[PDB]
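Chain by chain, the residues run as shown.
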Amino acid sequence: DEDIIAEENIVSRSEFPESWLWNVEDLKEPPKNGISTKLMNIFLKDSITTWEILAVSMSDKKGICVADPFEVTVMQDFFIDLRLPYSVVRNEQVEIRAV
Amino acid sequence: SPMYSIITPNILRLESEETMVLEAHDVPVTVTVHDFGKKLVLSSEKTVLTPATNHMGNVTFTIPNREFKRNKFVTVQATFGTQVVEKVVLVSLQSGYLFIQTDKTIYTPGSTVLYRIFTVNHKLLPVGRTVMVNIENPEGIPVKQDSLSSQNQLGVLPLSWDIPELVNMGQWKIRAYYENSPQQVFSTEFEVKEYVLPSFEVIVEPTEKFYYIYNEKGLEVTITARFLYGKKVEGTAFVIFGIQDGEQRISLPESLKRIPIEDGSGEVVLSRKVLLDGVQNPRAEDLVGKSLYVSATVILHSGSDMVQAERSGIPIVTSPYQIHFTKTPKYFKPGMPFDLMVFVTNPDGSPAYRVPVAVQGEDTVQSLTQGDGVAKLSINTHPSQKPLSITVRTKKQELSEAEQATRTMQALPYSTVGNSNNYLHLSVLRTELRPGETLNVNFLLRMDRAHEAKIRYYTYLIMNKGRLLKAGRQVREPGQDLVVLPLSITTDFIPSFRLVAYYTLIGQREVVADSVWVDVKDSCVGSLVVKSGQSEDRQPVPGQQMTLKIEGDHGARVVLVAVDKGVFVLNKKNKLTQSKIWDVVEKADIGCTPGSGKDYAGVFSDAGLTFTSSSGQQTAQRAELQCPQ
Amino acid sequence: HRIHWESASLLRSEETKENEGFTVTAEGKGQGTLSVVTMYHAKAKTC
Amino acid sequence: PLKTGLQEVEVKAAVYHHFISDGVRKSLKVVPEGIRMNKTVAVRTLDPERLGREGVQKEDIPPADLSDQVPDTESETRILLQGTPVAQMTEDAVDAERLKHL
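Each value, and the rule that gives it
- Here the residue numbering is sequential from 1 along each chain as its sequence is written and may not follow the entry numbering; residues with no coordinates are omitted from view.
- Ligands are numbered from 1 and chains lettered from A, in the order in which they are written.
- Note: displayed chains form a subset of a larger assembly, with all reported quantities computed for the displayed subset only.
- Side-chain metrics in this entry use all non-hydrogen atoms of the structure; hydrogen atoms and water are not considered.
- Helix and strand assignments come from DSSP, with helices taken as H or I runs of at least 4 residues and strands as E runs of at least 2, each series counted from the N terminus.
- Radius of gyration here is computed from C-alpha atoms only, and the compact-globule reference equals 2.2 Å multiplied by the residue count raised to the power 0.38.
- Burial classes: relative accessible area under 20% of the type maximum marks a residue as buried, over 50% as exposed, and values in between as partly exposed (1.4 Å probe, protein chains only).
- Contacts were defined at the residue level, with two residues in contact if any of their heavy atoms lie within 4.5 Å.
- Here the open area of atoms and residues is found with the Shrake-Rupley method and a 1.4 Å probe, where only the protein chains shown may cover a residue.
- Under the convention used here, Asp and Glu are negative, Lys and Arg are positive, and both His and the chain ends fall outside the count.
- Here the site of a charge means atom NZ of a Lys, CZ of an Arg, CG of an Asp or CD of a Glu.
- Pairing between two strands requires that DSSP report at least two bridges joining them.
- Only C-alpha atoms enter the line fits that serve as axes; for helices the fit covers just the stretch in contact. Angles between N-to-C directions range over 0 to 180 degrees.
- A pairing counts as a salt bridge when a side-chain nitrogen of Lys or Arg comes within 4 Å of a carboxyl oxygen of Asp or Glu.
- Two N or O atoms count as a polar contact when they lie within 3.5 Å, although within protein this holds only if one can serve as hydrogen donor and the other as acceptor, and sequence-adjacent residues are included solely when both atoms are side-chain atoms.
- Our working definition of a disulfide is a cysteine sulfur pair at a distance within 2.5 Å.
- Accessible-area loss on putting two parts together, using a 1.4 Å probe and summing over both, is the definition of buried area adopted here.

As recorded by the PDB entry, chain D carries the name Complement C3b alpha' chain and is attributed to Homo sapiens. Readers searching the PDB will find this entry under the title "Structure of the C3bB proconvertase in complex with lufaxin and factor Xa".

Chain C appears in the PDB entry as Complement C3b alpha' chain from Homo sapiens.

Student: Would you mind showing me how to read the overall build of chain D here?
Tutor: If you tally the helices and strands in chain D, you get zero helices and five strands. Secondary structure elements of chain D, listed N to C terminal, follow the sequence β-β-β-β-β. Computed over its C-alpha atoms, the radius of gyration of chain D comes to 31 Å, more than 25% above the 13 Å expected for a compact globule of 102 residues. With respect to the three principal axes, the spread of C-alpha positions in chain D is 105 × 50 × 25 Å. Buried residues in chain D amount to 23% of all 102 residues. Considering only contacts within chain D whose residues lie at least 6 apart along the sequence, 14% involve residues at least 24 apart. Counting only carbon and sulfur atoms, one obtains 52% of the accessible surface of chain D, whose full area is about 8100 Å². Positive and negative side-chain charges in chain D, numbering 14 and 18 respectively, have mean positions lying 4 Å apart.

Student: Would you take a moment to explain the sheet that holds strand β3 (residues 32-42) of chain C for this structure?
Tutor: Each strand in a sheet pairs with another by means of backbone hydrogen bonds, the pair being arranged parallel or else antiparallel. Read from one edge to the other, the open sheet built from four strands follows the order β1(C)-β5(D)-β3(C)-β3(D), with strand pairing classed as antiparallel. Two strands close off the open sheet at either side, each with one partner strand: β1 (12-16) of chain C together with β3 (35-46) of chain D. Strand-to-strand, the axes of this sheet are offset by a mean angle of 20 degrees, without reference to chain direction. Of the pairings in the sheet, the one linking β3(C) to β3(D) comprises eleven bridges and is antiparallel in character. Bridged to C:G32 within β3(D) is D:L46.

Student: I'm lost on the side chain of B:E510 in this one. Help?
Tutor: Residue and element names in this part refer to chain B. Structurally, the position occupied by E510 is in strand β35 (residues 509-519). For the buried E510, which has no salt bridge, the nearest side chain bearing the opposite charge is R509, at an N-O separation of 7.1 Å. Among the polar contacts listed, one links the side chain of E510 to the side chain of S420, at a separation of 3.3 Å. Beyond its immediate chain neighbours, meaning those up to four positions away, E510 contacts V417, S420, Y503, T504 and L505.

Student: Which parts of the structure should I look at to understand the pairing of strand β3 (residues 16-24) of chain B?
Tutor: Consecutive side chains of a regular strand alternate in pointing toward one face of the sheet and then the other. Residue and element names in this part refer to chain B. Counted residue by residue, β3 has seven buried out of nine residues, so it is predominantly covered. Note that strand β1 (residues 4-9) and β3 share four bridges and pair antiparallel. Among the inter-strand pairings, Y4 is bridged to a residue of β3, identified as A24. Taken together, the eight bridges between β3 and strand β6 (residues 56-63) define a ladder with antiparallel strand orientation.

Student: Whenever I open this one, the state of the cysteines confuses me. Can you help?
Tutor: Put plainly, a disulfide is one covalent bond tying together the sulfur atoms of two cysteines. Scanning the model with the defined rule gives two disulfides over all chains in all. Two residues, A:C65 and B:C524, share a disulfide whose sulfurs are 2.0 Å apart. Disulfide A:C65 to B:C524: torsion about the S-S bond roughly -50 degrees, handedness left-handed. With A:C65 in strand β5 (residues 64-66) and B:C524 in the loop between β35 and β36 (529-532), this pair bridges two chains. Residue class for B:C524 comes out buried when judged on its relative accessible area of 19%. Each sulfur of the disulfide joining B:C592 and B:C627 lies 2.0 Å from the other.

Student: What am I meant to see in the interface of chain A and chain B here?
Tutor: The parts lose accessible area when they come together, and the size of an interface is often stated as this lost area. Contacts between chain A and chain B engage 57 residues on the former and 59 residues on the latter. Carbon and sulfur atoms supply 61% of the area that chain A and chain B bury against each other, a total of about 6300 Å² over both sides. A per-residue breakdown of the area chain A buries against chain B is headed by A:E18, A:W22 and A:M58, which together make up 14% of the total. Here chain A and chain B share two salt bridges between them. Remark: the boundary between chain A and chain B carries 24 residue pairs in polar contact. Elements with a minimum of two residues in the side of chain A that touches chain B: β1 (19-20), β2 (24-26), β3 (36-43), β4 (50-58), β5 and β6 (70-73) of chain A. Take the side of chain A that touches chain B: its biggest share by element is nine residues, from β4(A). Note that β3(A) and strand β37 (residues 545-552) of chain B share eight bridges and pair antiparallel. Paired with A:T37 across the strands is B:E551, a residue of β37(B).

And the structure:
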């Protein structure tokens, strides 16, 4: 606004998991040529990477089948990357970097 | 009244449904099952034979019990109104499968492990029984064991474990098995090792999978590195080579190179001189049978990351092809032509494509190969009963004569009585069969040349997944020598089937038979599709929401999991795929020989089938569990 | 605890945060092994 | 670093003349000084009716030394118990390999 943007009123991305959406889903839509369609909504995480989604189906009349991998890309324009070591020794000089 | 015949599967599995084919060649018949001394009675069935139905009994029953705790047998008997025929068969314990899925591949101390177990039976349908699961540390002593039941869940079991904070490192194992039969186990592996997630991926690839020893350009490889979200990378790379022998690795210190990677593209070349000087073998021909591998490391221009990628197993060969005889019948056909099916592959095992084969002995007898790398050939017989040797050699053009693969194979005769000598083989182009298509089984036949006007019909059976899928009956009128069966290929035939046919002739007693092995395309019978139901405007943004669309068969359950793509860079082994499922189900069949045994007993007992006759013209028995070797 | 034939060769572990005297008794019939391992941070007074 | 355990690091950034900004918040570990080693205190065998007094067998475990422990640090003791399957000799009679003269 009237003041140049300082660093007091910005939220920070926090969620950095490695595997999510460990759910189970059921299909009961009325058939249409034997193909039932279900619509689901998902809220993406706060990482900049490529997520891979895999699904496995197991019915009672056909058996078991495995779907194909699906890829979703999350991307921004200007951002920050932080690289940290796994563990740090107490009471010793340490250097970290931000890109 | 003349004869009565029973056709039965070789091995029957408990807690399932089995069949017998009864052929009287207006009579009530009954079948019964007794134990082996005599444990009361197991089951019995009653049926009638009708002349309008060609006297065929498709008798089905379910085999039960808890006393069945070495291997054991069971007796099946059948009385056809007045006469009794019986036979003793073996009973096994393997009664299903077990598949294990884990969300990730590599963990750190303090995290949690989440996995799932799927249970299926022989037909690949959901079942419910009792299972037990153990977790084994690298040494081998179990750490935690548990027992579970999967009733009223349609056959999916989720579980969980929590790694401690002060734990060992390395490889850990999960072993699961049914409670009834502890002889068979199923296993899965994962890793435990501290790490930090990388940021980009590196790919190393050569231009030719093999390595001809007579090239002056050595071996050339290319390096391609890319970020995870799709943009290109810059940096510097160090590459080194090696030599791999049977459990041995030798490093060549003279071959270490530094190259600048710009836009993700680097080139490395290795010459003959360095390879020759690295080893103490001036003779080049001594190097055949030893492999090569290359290792690379990529660093950025900001000094922030470090990634390593390795490709192993570049073979050293002089012939860029290979011949095989894995699926060719071994017993030839006296008089009638003999059909061969060759198999050509690349040195890495990938099937070849559009390469011609031939025979050195004859001329112009050649063909090509479809996408499976299989070529069909035919050859005439002497027909003297002396065994014959055949040779195969590749006849590809635009190549020197000194670089053609070849090999040899031997055949053995067939021991008939009275020289009936009748066979079966389909004269159709062996192509990519697909479900929903049609097949034309062509009975290429040669009866006795004297009085071939007495035979009225034949009998044929289809075998798949170790069970009798269908039994037919096709007739003919005297004076013919070719008949056709227009089979309709359905979805249940996946992944392969075996056709066996026979007929009976009045002598003394005559029975003649043969068998054929056919394969179909492999894919799951159902269909599951996942895609983006969103309008697909642009790339998403963190914290947004989107829509996911699924399509599948009605009344099923879909399980999901999402994993980052940076984990697969660290360790990308032991995943789940449909090819694995088909490999597992295919590897555990009964009849392992392609077919066409030495005689009628040979052909009937080489396809996991048992034939019993009222005149004592039976087949031998087996009491082991796997075919030799 | 109770060690049977079926559950044999199953490592059973317990933890403690202090070092004091113990007292362990065994009854029945068979053979078994017991081990105690104490681990800590030591002083080892650089690339 | 000054204290052991888990620690949190924040970084913020803003852009002039435009309404865009960013901020990251990560975590790392801090561990004490020295090296990690294990000490074996006691290994014993249990076999009643042959080593004890009328079935009941009683033992005793002395305390560990811990002479050179780093100040302000915690140790940890683990007790491992296992059974040994001792399926012994005196097996079946001669197998059915040479029972063909019967």
